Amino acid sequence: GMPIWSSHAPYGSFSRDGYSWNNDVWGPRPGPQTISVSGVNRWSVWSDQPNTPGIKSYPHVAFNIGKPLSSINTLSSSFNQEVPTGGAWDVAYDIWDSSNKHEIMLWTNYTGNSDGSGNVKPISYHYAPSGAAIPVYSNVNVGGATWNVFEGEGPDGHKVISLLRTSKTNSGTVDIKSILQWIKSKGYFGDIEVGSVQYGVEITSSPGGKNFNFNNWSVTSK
């Protein structure tokens, strides 16, 4: 209702009690974007990005872990959000290891489809003739939900593993510890040191301005 912090500046940031918020917007001609924080668990962002190729922004909240996967007893997160209908975007968890050589994404609600097609697509090495990203694993039930798994590389060669929920949702709880354990079991990485747990929206297009409310977001690390 009343903000404890707000910014419309690209890369404006604020931190309170272990949580930080980042107004990340880059690129040739970024559109206006304003993030507001009402408290440690509740925040919002409005963004007006043009109907052009590529991700323009990732407004997000972040929480630091800094622990090896093996030392972790509990790593879960709860989200509750209100999203617009149109545009090109994906609301996602962004989980990094401390070295930033492995990125794990969990897409909870998005404008594309779980099979890798749509106006947004997961990072992927391979695409189908229709242009849909090709999943490496399908209908995987892990960490409290069913997902489609995709594999790709970022521009600096770092590995990206993306899980797209087969059923989109605007509220839920993810068991990140178990998801990372399953990814380790397929051999993508070893006893990774978990660095950051992030949550926000990657906006490709939101012409006319679109609003995203994160009414609750919390991380439980033990």
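Note that residue numbering begins at 1 and tracks the sequence as displayed.
Annotation for 193-201 versus 180-188: the higher mean temperature factor (C-alpha) is found in 180-188. 71-79 and 107-115 differ in mean CA B-factor, and the higher of the two is recorded for 71-79.
Taking the PDB entry at face value, the top CA B factor among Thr173, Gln49, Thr169, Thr34 belongs to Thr173. When the Cα B-factors of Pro122, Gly143, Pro84, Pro129 are read from the PDB record, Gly143 comes out highest. Sort the modelled residues of the chain by CA B factor and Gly18 lands in the highest third. Ranked by Cα temperature factor within the chain, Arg29 sits in the highest third according to the deposited record.
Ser162: CA B factor lies in the lowest third for its chain, per the PDB record. Residue-level temperature factors show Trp89 in the lowest third of its chain, judged at the C-alpha atom. Among all modelled residues in its chain, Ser44 ranks in the middle third by Cα B-factor.
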